[PDB]
Every structure is written in structure tokens, then in C-alpha cells.
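Trainee:
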Amino acid sequence: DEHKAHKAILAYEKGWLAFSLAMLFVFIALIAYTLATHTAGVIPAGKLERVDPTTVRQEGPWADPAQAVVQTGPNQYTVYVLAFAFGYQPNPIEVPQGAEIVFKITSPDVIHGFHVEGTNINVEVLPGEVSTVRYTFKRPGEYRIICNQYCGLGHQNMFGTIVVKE
Amino acid sequence: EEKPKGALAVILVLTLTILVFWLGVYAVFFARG
Amino acid sequence: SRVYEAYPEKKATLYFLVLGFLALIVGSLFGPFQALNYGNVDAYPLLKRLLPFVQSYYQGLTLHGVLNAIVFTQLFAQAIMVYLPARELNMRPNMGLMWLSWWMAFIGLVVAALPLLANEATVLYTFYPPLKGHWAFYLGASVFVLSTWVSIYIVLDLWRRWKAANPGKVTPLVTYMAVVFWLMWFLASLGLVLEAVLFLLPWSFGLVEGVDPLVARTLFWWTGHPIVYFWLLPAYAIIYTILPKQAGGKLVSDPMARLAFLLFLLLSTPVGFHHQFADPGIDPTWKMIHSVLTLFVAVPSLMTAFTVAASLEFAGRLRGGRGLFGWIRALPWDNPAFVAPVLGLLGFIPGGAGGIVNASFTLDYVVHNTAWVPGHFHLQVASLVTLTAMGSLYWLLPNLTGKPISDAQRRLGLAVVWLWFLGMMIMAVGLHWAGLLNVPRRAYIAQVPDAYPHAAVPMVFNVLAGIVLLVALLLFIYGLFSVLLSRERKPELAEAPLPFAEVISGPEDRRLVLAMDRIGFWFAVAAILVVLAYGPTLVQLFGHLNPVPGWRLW
Ligand code: HAS
Ligand code: HEM
Ligand SMILES: [Cu+2]
Ligand SMILES: [Xe]
Ligand SMILES: [Xe]
Ligand SMILES: [Xe]
Ligand SMILES: [Xe]
Numbered sequence: 003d004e005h006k007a008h009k010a011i012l013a014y015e016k017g018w019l020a021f022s023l024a025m026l027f028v029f030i031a032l033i034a035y036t037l038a039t040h041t042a043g044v045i046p047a048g049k050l051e052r053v054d055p056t057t058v059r060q061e062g063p064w065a066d067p068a069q070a071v072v073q074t075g076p077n078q079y080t081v082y083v084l085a086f087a088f089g090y091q092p093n094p095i096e097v098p099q100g101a102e103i104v105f106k107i108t109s110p111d112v113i114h115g116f117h118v119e120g121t122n123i124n125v126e127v128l129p130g131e132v133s134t135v136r137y138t139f140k141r142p143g144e145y146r147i148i149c150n151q152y153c154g155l156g157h158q159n160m161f162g163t164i165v166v167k168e
Numbered sequence: 002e003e004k005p006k007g008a009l010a011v012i013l014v015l016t017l018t019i020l021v022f023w024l025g026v027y028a029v030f031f032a033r034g
Numbered sequence: 009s010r011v012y013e014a015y016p017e018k019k020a021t022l023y024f025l026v027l028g029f030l031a032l033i034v035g036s037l038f039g040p041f042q043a044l045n046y047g048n049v050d051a052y053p054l055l056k057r058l059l060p061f062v063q064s065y066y067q068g069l070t071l072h073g074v075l076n077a078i079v080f081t082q083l084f085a086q087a088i089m090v091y092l093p094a095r096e097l098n099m100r101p102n103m104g105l106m107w108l109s110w111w112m113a114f115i116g117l118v119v120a121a122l123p124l125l126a127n128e129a130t131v132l133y134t135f136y137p138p139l140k141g142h143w144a145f146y147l148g149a150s151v152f153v154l155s156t157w158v159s160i161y162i163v164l165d166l167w168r169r170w171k172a173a174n175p176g177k178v179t180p181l182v183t184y185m186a187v188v189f190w191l192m193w194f195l196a197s198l199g200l201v202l203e204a205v206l207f208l209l210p211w212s213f214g215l216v217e218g219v220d221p222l223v224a225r226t227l228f229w230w231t232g233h234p235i236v237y238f239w240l241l242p243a244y245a246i247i248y249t250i251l252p253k254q255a256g257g258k259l260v261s262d263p264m265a266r267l268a269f270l271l272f273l274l275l276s277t278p279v280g281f282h283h284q285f286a287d288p289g290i291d292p293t294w295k296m297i298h299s300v301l302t303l304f305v306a307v308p309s310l311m312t313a314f315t316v317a318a319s320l321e322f323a324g325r326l327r328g329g330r331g332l333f334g335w336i337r338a339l340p341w342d343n344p345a346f347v348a349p350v351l352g353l354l355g356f357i358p359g360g361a362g363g364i365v366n367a368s369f370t371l372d373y374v375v376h377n378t379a380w381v382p383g384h385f386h387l388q389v390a391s392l393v394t395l396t397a398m399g400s401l402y403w404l405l406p407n408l409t410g411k412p413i414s415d416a417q418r419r420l421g422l423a424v425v426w427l428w429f430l431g432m433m434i435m436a437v438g439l440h441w442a443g444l445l446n447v448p449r450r451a452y453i454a455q456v457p458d459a460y461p462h463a464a465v466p467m468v469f470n471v472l473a474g475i476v477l478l479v480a481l482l483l484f485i486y487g488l489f490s491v492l493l494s495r496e497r498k499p500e501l502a503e504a505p506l507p508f509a510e511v512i513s514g515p516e517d518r519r520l521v522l523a524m525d526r527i528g529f530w531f532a533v534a535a536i537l538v539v540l541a542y543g544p545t546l547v548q549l550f551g552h553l554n555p556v557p558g559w560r561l562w
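Laid out in C-alpha cells, this is it:
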């Protein structure tokens, strides 16, 4: 007692750490698994791609709403989305399915969220930085985009749209 | 006296709550993939 | 009073607490209305009639975030993690420097509060650039956080000096904690320090006109994540070394609690990238690295679960504890000092798995910035931590003042304490649910009613909870103010020792504890892992600065 419980407490603590470690390694094994697959496309490009936010929507690919999308591969499309104070250009963004869409998102003002409802597309958009992500919706219909980073008084109202074609 | 019975019961409940939650959202991750 | 002249450390400990609770109270007022906002109920026009100076939902959230999460918590850390070492060692802290850090704290709170209450810094508690507040907010932040740097020095002083009188003896438990705690806090502080000295301060003053968002929210997260542990460990200390007593037993292991506190000192700092999973400009590998390290930093808490659980089983068996669930019933369920923190540990449970999920690199994308995240931490800080704070007044409040606690306020506390856990559980159900359903956080969703129809049922709970937690709060204001404004004073229990718990110790202990007591060495290790974790990225970022201009969107 007191000191017959101490050794047993120290003993079953030892197996817990052994077991809990393993289960984390199980977890590191399934996260790495997902990193090797396609769904790994959603991880924002690692390389820095600086922009001037004071000159983004006047010059370069973002300047023009009709220029938003561009075919860059055989079945690869690059969309130039611009997230700003309480909205997104283009609205709605129109994209085909079975097709890989390389979003290239930046902001001219402040930090905004880009959360495409029904997908894993969830990325912070930083002014003077372009967020580069890779996704393919096997699902056709109505994709809506949400701002999930506080970006001003109208933040709760800042919505957008990916028009994906069947 | 002996075994951490109620203590191992607690870290069991925790272990089931981590799996329910973690595996349950590991599903949700692929279903929006 | 004779108390504050032989233990004036009891006077400076008292002020630190009240100041923080006044803030806690103020900031908590916006809680219910936000619980309503997330039940599709818009109660703010009502709030705007109540408090005329309040301009927007986001000003109310900023005040809610800052006052509860920054001021209240820091002041509480500074209290628990200076007074408890001082009393373990029976050494008076450097009273000169002790008061300085408080005046810094009060004046830093006053300076910062002015533009928040006048709506010239509605930028939330994360003050993400380019969102440009008033200089006087940023300046206010730095003075307040610098208060802890004096604190660090104070506890170190008490730890060097105790090492002197007992050369070669092992650092006593609590000191050891507070020490690794305070060191760990210093290492982390640097991320916010640099963000402040290099960007936010010269920027809000006018010296520069650009601030890079990406590096700004990185340095931030360098301090960012560990700060949560800086809130928490003050409870862990109390949970480890005071609770087993309050339960009627003994802390079943010394070397474990040290080991717990040792690891946090190691891994609390090099993990902040588990916040910037959805950020661009950061290498994917580095993210996985930090995610693995974040998985590892879950361990100390895991140990704590086992070590404390046992400490309340053993404490329960002593009370005449039965089989598998008998000892649970055997604990002192009439005790606000005991009940409060246990509850928070129960809520900490769904809290932890929530943290672990968020930690799994990719899995973040399911939940990042959803209502689920507020779900996560409301179970951690607002549940565990704040509860541990409240019920603790029931032994800490008499001890510093001599004011006795009636059986009325004692049960009043149980009322407040029970509601608060329940409400948080309701809310936890609500927020996570909404989080799984894409509901964003930091959102005034009641002004766009039809925007989120598919959230019918969890919206009930957040309304339900909102009522629940409105009631507990008032009771808390009343129940506390009853305790502070009664002239009932007993001089004897104001010199009574703090209810520290007995330390079950064995043969193996010494050898392991000693290695851990190599604090001068251990501090270098955690410092190195930080340069390994951040250094590569940081330097890659610092050579490619793109400063964007300031913005005001409130
Ligand atoms: C005081 C509250 C703080 C704690 C504690 C905390 C815990 C963790 N967190 Fe966290 N957190 C994240 C990772 C973790 C991990 C891995 C843990 C771990 O430390 C959790 C470990 C806990 C356990 C492993 C459970 C142990 C259980 C115990 C110890 C209780 C047992 C019960 C007993 C013993 C009682 C029995 C009694 C009886 C009577 C039977 C991540 C990602 O990796 C995000 C990003 C979200 C996003 O997308 O932005 C994040 C988000 C936040 C935010 C949002 C910041 C913002 O506003 O943007 C805050 C404030 C916060 C604070 C806190 N967080 N966290
Ligand atoms: C009176 C009980 C409380 C209630 C009903 C409550 C409710 C809420 C709700 C619904 C939110 C989400 C608002 C949003 O993100 O739009 C929130 C946010 C938050 N709360 Fe509380 N809370 C309470 C107490 C506390 C406490 C005790 C703390 C910490 C000591 C705290 C700190 C925070 C923080 C840091 C946020 C995040 C704000 C942000 O994302 O910028 N709250 N609270
Ligand atoms: Cu964190
Ligand atoms: Xe502050
Ligand atoms: Xe700051
Ligand atoms: Xe600072
Ligand atoms: Xe934080």
C-alpha cells in the first residue's frame, strides 16, 4: 500500500507510453499515406511566389475576370482567383470535372480564407502571396467558396463560387 | 492495494474518444477528397 | 495587516488576481451573445443598448478574446507561477521587481484597453497584419507581455538563491515546474517580441508603411502555440501538486510530473506550423516535421492523464473507494476546490482528441478555421483552465486575505462551477458539429440567417448553452463579489500553509530526477530544436520580404 501501488503505477505508466507512442506512429503512418496519394494535392505549394498586392488586379493574370481560367496541360487548368474585401473574382468561377484545377489565389488587401464547401480546399490567402493548390472534384454541381479568416466587418458575408461542369 | 483499475478505465475511455474522433474525421477527409 | 509585511508576496499575489478576474468578467460578457450568434440568434442590438460604446460583433469578440485569453490568463500564470514557488521555498520574491511587473501589467492593460474600447483596434486577439490597429494597442501588448520577462527573472532569482542554500540538493517539485515553465515561456516569447520590435510597433507608429503577412503570422505562431501551454501549466501545477490533496490522497509520482514539465519545455516551441497548415510559402516537408513534433507534444498531456487519474483513484480508495467506479464517487463532491478542476479534465478529454485531429497535418483542412476549432480550445482553456482558476479561489482566496468562505458561497460555487462545465459541453457539441458542417468561426452569422440552413440542430445547443452560461456568469459575478466585499476576516488561515499534496516517491526516482535537474543543459536542447524547426524556413523567408500596406476594415 502506498508503496505497493507506486511500482505498479510506474509499471502500467511504462506500457501506456509504449502503446501511446505506437498509436502515434500508426497515425504518422496514415498521414504520410495521405501525403503520397492524390488528396495530397491540397497542400499549398511550398515555394514562395511573391506579388505586389497594390498592383495585382490591374496588371498580370488577375487583372482580368474573363482571363481567370487558363488551360496549361492536356487535362490541367489553372484558375487565377482573387480574394478581396468581402468577395471573390471570378464569380462564379467555372470549371470542368475529371479535370485537375490549379488554383492560384492572392489578395490585394488583407488575409482571407478560401473554404470550398464539400472539399478539402481550405487555404489562407495572404496579401502579397499567392496560394497554389491542386484539386479535382469527382463531383459535379454548385461549389460555394467561404472566407474563414476575419477580414473585416463584412467578413461573415464574404462568399464565392466555383462553377464546376458535369 | 493493486491495479489501476479505474485509472486504466479512464485512459481507455480517452483511447476510444481519440479513435472515434480521429478515425471519424479521417473518413471525412477522404469523402471530401 | 501583519500578513503583507512578512509575506507582502501575499499582497502582490492578490492584486495580480483581481485585475485578471475583472478582465475575465468584462470579457465574459460577450460570451453569451456570441453563443447566441452561433445559434442563429442576434442579441447584439440588445447588447448595444446595454453597452453603448460597443460598435460591432467583431469588437465584442476582440474584447472577449483579449481579456479572457491574454490578460486574465497571463495575470493568472504570473500569480500561480510566482506565489506557489515562493511558498514552497518560503522565500520572498524580489518585491521591487515583483511590483514593477504588475505596474507594467496594469499600465500595459490601460494603454491597450483605450483603443479597443473606442474601436480603433478591432483586429481580434491575433492582430493579423495587414489589419492595422492603433499604435497604442500594439504598444499596450508589448508592455503587458514584457511584464512576464521580469517575472521570469523573479522566479529564476528564487531558484538560483535556493540552489545556493542547498548546494547539490534536487530542485523541489513546484520550483522545478515553474522553472521549466518560465524558461519555456521565455523561449516562446521571442516570436512575438521580434514580431513587435521588427514590424507591428514601427508600423503602427508610422516608421514603415509595409508589413509582410506571411512572416508576421509565422513569428507570431512561434510564440503562438506555446502560449497555450503557458496558460495551461499553471493549472497543471495545481492539478499535480494541490489537487491530490484536495482529493484526499497523494501525487503518485514526482519524476513523472517533472518529466511532463520537462517535455513541454522541450517541445512547446518548435510546433507552431501546426497552425499555418493552410498557409502558403512554407515547405510541405517542414509541415510534416512540425506535425510529427505536435503529435509528440501530445504525450506530456497523455502522461498527465495517467498520473492524475491514478492520483484520484488512490485518493478515492483512501476515501473508502470501491471497485472500478466506486472511488470516483468516493471523492469530496461537496468541494469547489476539488470539483471544478476534475470537471475540466473530463471536458479536456473530448478536448484532447480535438487537438490531436487538428494536429494530423492534412486533417486540419477538414476543420481549419471552422467552429470546430473554438470547440477544441473551449474544452481546454475555457473549461479546464478557467475552472481550475475559479474553484481555486476557495483555498487561494482565504490564504492571501484571511477572509473565510461560508457554506453558502461554497455551494454557490458548485452552482457556478457545474453550470460552466455543462454549458461548455453543450457548446463543445454545438461548435464541433458546426465545424464538421463547414461553419466558419470569427463570424457574425446571425446577420446572414439563411446562409447556413443545414445547421439546424447544433444551433439549438449554442442557444441553449448561451442561456446556460449567461446564468452561471452573473452567479459568478455575484458569488465572487460576495466573497471580495465581505469584511469577514480571519488572520490565522491567512498564514495557513497552501494545501500542497504528498509526493509518493521510490528507489529509481533520484537517478532520473537528477538528469532532469540538469536544467542549464535542458534549456539549450529546446533552444536548438527551435533553430532546427524554424531557422531554415525563417531565413528562407527573411531574404524574400514583400511588405504590404496597412488596412482598417472596421
Ligand atoms: C488552454 C487551451 C490550449 C490547449 C490546452 C490546447 C491543446 C492542443 N492543441 Fe490547441 N491547437 C492545435 C493543437 C493542439 C494539440 C496537439 C493539443 C494537445 O496539447 C492536447 C493534449 C490533450 C490530451 C492528449 C488529452 C489528455 C486528457 C486529460 C489529461 C484528462 C484526463 C481526465 C482525467 C485525468 C480526469 C478523470 C476524473 C474523474 C473523476 C474520472 C492545433 C493543430 O495542431 C490547432 C489548429 C486549429 C486551426 O486550424 O487553427 C489548435 C488550435 C488552438 C487555438 C486556436 C487559436 C486561434 O484562435 O487561431 C487555441 C486558443 C488553442 C489552445 C490550446 N490548445 N489551440
Ligand atoms: C462565458 C462563457 C463563454 C462563452 C459562452 C464563450 C463563447 C465563445 C464563442 C461562441 C466563440 C466563437 C466566436 C467566433 O469565433 O466568432 C468564442 C471565441 C473565443 N473565446 Fe469564448 N466563450 C466563453 C468564455 C471564454 C473564456 C473563459 C475564454 C478564455 C479564457 C474565451 C476565449 C475565447 C477565444 C480566445 C475565442 C476565439 C476568438 C477568435 O477566434 O478570435 N472565451 N467564445
Ligand atoms: Cu497550437
Ligand atoms: Xe493586453
Ligand atoms: Xe504585441
Ligand atoms: Xe514584446
Ligand atoms: Xe494564440
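Residue numbers (the entry's author numbering), protein chains in the order written: chain B, 3 to 168; chain C, 2 to 34; chain A, 9 to 562. For every residue, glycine included, the Cβ atom is placed at its ideal position computed from N, Cα and C.
1) What in chain C is Cβ-close to residue 374(A), meaning under 8 Å?
2) So which residues on chain C does residue 108(B) lean against when the C-beta distance must stay under 9 Å?
3) Count Cβ pairs between the segment 71 to 83 of chain B and the segment 103 to 122 of chain B that sit closer than 8 Å; are there 3 or more?
4) When you check each C-beta in the segment 334 to 347 of chain A against every C-beta of chain C, which residues fall closer than 7 Å?
5) Counting C-beta neighbours from all protein chains within 10 Å, is the total for residue 167(B) 16 or more, i.e. buried, or is it exposed?
6) Taking the alpha-carbon of residue 147(A) as reference, which of 182(A), 200(A), 209(A), 122(A) has the nearest alpha-carbon?
7) For ligand 4, is there a heavy atom less than 6 Å away from the beta-carbon of residue 79(A)?
8) On the CB-based measure, 16 or more other CB atoms within 10 Å of its CB, does residue 60(B) come out buried or exposed?
9) Counting only the same chain and skipping the five closest in sequence on each side, list residues whose C-beta sits under 6 Å from that of residue 302(A).
10) Residue 42(B) to residue 36(B), Cα distance in whole Å?
11) For ligand 5, which residues count as neighbours when the test is a C-beta closer than 5 Å to any heavy atom?
12) For residue 86(A), which of 105(A), 73(A), 98(A) has the nearest alpha-carbon?
13) Start and end of the beta strand (DSSP E) containing residue 136(B)?
14) Can you give me the C-alpha to C-alpha distance between residue 13(A) and residue 92(A), rounded to a whole angstrom?
15) Return the CA-CA distance between residue 276(A) and residue 527(A), expressed in angstroms with no decimal places.
16) What is the DSSP secondary structure of residue 563(A), reduced to helix, strand or coil?
17) Answer yes or no: the CB of residue 300(A) versus the heavy atoms of ligand 6, is any distance below 6 Å?
18) Would you verify that the beta carbon of residue 6(C) is, or is not, closer than 7 Å to some beta carbon of chain A?
19) Looking only at C-alpha atoms, which of 72(B), 19(B), 146(B), 3(B) sits nearest to residue 93(B)?
20) Listed in chain order, which residues of the segment 21 to 35 of chain A have Cβ atoms closer than 9 Å to some Cβ of chain B?
21) Given this structure, state the Cα-to-Cα distance separating residue 198(A) from residue 231(A), to the nearest angstrom.
22) What's the C-alpha gap between residue 218(A) and residue 56(B)?
23) In chain C, which residues lie with their C-beta within 7 Å of the C-beta of residue 365(A)?
24) Would you mind giving the Cβ-Cβ distance between residue 561(A) and residue 139(A), rounded to the nearest angstrom? I have them listed as a contact below 8 Å.
25) Let me see if you follow: with CB-CB separation under 7 Å, is residue 551(A) close to chain B or not?
26) Tell me whether residue 330(A) sits in a helix, a strand or coil according to DSSP, three-state version.
27) Should residue 201(A) be counted as a contact of ligand 6 given a C-beta to heavy atom distance under 6 Å?
28) Do residue 187(A) and residue 167(A) have their beta-carbon atoms positioned less than 7 Å apart in this structure?
29) At a cut-off of 6 Å, would you count residue 35(A) as near ligand 7, judging by its Cβ distance to the nearest heavy atom?
30) Just curious, the alpha helix (DSSP H) that residue 253(A) is in, first and last residue?
31) Establish whether the CB of residue 370(A) and some CB of chain B are separated by less than 7 Å.
32) Verify the contact flag: residue 543(A), CB atom, against every heavy atom of ligand 7, threshold strictly below 6 Å.
33) Using a Cβ cut-off of 9 Å, pull out every chain C residue sitting near residue 331(A), in sequence order please.
34) Within 7 Å (strictly less), CB to CB, does residue 559(A) reach chain B?
35) Please compile the residues from chain A whose C-beta is within a distance smaller than 8 Å of the C-beta of residue 13(C).
36) Suppose the cutoff is 8 Å on Cβ atoms and the five residues either side in sequence are ignored; what does the same chain contact list for residue 112(A) look like?
Mentor: Once the coordinates are examined:
1) 26, 29, 30, 33
2) What residue 108(B) touches in chain C: nothing, since even the nearest Cβ is about 24 Å away.
3) yes
4) 335, 336
5) exposed
6) 209(A)
7) yes
8) exposed
9) 279, 282, 367
10) 6 Å
11) 149(A), 150(A), 204(A)
12) 105(A)
13) 133 to 137
14) 18 Å
15) 16 Å
16) With chain A covering 9 to 562 only, the question about residue 563(A) has no answer from this structure.
17) no
18) yes
19) 146(B)
20) none
21) 7 Å
22) 11 Å
23) 22, 23, 26
24) 7 Å
25) no
26) coil
27) yes
28) yes
29) no
30) 251 to 255
31) yes
32) no
33) 6, 7
34) yes
35) Going along chain A, no residue has its Cβ under 8 Å from residue 13(C), so there is no contact; the nearest lies around 11 Å.
36) 151, 152, 154, 155, 158
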